[PDB]
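Report on the structure given below.
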Amino acid sequence: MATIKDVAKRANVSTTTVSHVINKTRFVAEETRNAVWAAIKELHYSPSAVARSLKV
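Under the authors' numbering, the first residue of the sequence shown carries the number 1, and numbering increases by one thereafter.
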């Protein structure tokens, strides 16, 4: 089972660091950005629709 905590703890310390990349409030030097997007797909923890996500 996974959702958000998994990658948040694996890649960074908490979701706080993850949100920084999304809201671009503290744009890191690409390192964290790439690491986050990479880890998200690597570990995979779709909160909804395990298959994928498209349309509505």
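We put the beta carbon where it would ideally sit given N, CA and C, even for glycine.
A straight-line Cα-Cα distance of about 15 Å links residue 14 and residue 23.
In the structure shown, residue 4 adopts coil according to DSSP, grouped into three states.
Excluding its 5 nearest sequence neighbours in each direction, residue 44 has C-beta neighbours in its own chain below 8 Å: 2, listed in chain order.
Residue 36 carries a helical assignment under DSSP once its states are collapsed to helix, strand and coil.
With contacts defined by Cβ atoms closer than 7 Å, residue 8 and residue 39 do not form a contacting pair.
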